[PDB]
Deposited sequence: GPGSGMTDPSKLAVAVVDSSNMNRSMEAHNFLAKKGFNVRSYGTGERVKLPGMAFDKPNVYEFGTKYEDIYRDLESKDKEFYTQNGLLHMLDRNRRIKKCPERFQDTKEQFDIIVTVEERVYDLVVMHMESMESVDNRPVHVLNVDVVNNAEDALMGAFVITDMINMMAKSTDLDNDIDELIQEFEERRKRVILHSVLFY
């Protein structure tokens, strides 16, 4: 709708960012998504499915298919991978992107810290500011869905503004009240 470049960031770039990516893209937003982790982690507690960033969603689908096609259909991981492979080729790492945004949405405070640490670690060149917001999304299919609606609700309200910089703090303040949520908000520079 608006000319806003939006990015949704999580740990793996699998469940929470992709649920929000999918809904924001369907609303017509210029959206990109990233993961803040070292590697892509998929669900024993001590036995996870680990992949490097840049590994195709299709290859991860056919890897967990050949591992156990029945188990990974019952836990909904193959259903998730089906959605992601339709959105883009592979999960991407935020720390490696050269893309610039107007708004960056993190799904948890731990991710927020990783995004802020990373952008602060780099010398600013363009002196271009970016709003970094945190919307707490619990890492499970049901909460990733509810969360994606909140993030879409928040980005839509912000897209309506004729001057986002001048209205953003009041918009967050009323959004927080209505939705009974805490939205951490920082400003970083490119």
Problem set entry | Ranges missing from the model, given as deposited sequence positions | 1-8, 52-53
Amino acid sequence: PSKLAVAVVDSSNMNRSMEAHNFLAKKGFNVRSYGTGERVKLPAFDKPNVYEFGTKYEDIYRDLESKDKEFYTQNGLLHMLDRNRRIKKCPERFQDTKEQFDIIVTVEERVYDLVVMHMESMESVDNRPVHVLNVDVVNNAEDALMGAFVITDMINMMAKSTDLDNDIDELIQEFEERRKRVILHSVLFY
From here on, numbers count along this sequence of modelled residues.
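Take the two forms, find the largest set of C-alpha atoms that superpose within 1.5 Å, and that set is the rigid core.
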Exercise. Between 123-131 and 32-40, where do the CA atoms move more in 4 other deposited structures of this protein, taking the root mean square over the structures and residues after a core fit?
Worked result: 123-131
Exercise. Between 152-160 and 62-70, which has the larger average Cα B-factor in the PDB entry?
Worked result: 62-70
Exercise. Averaging C-alpha B-factors over each stretch, which comes out higher, 167-175 or 13-21?
Worked result: 13-21
Seminar exercise, completed: Looking only at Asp126, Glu142, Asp136, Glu123, the Cα with the top B-factor belongs to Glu142
Exercise. Which one of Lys26, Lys47, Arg32, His131 shows the biggest C-alpha B-factor in the PDB entry?
Worked result: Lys47
For this session: Using the B-factors in the PDB entry, rank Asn75's C-alpha atom against the chain and give the third, lowest, middle or highest.
Result: highest
Problem set entry | CA B-factor placement of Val115, once the chain's modelled residues are sorted into thirds | lowest
For this session: Place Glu109 in the lowest, middle or highest third of its chain's C-alpha B-factors, as listed in the PDB entry.
Result: middle
Seminar exercise, completed: Quick tally, chain-level thirds of C-alpha B-factors: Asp82 sits in the highest
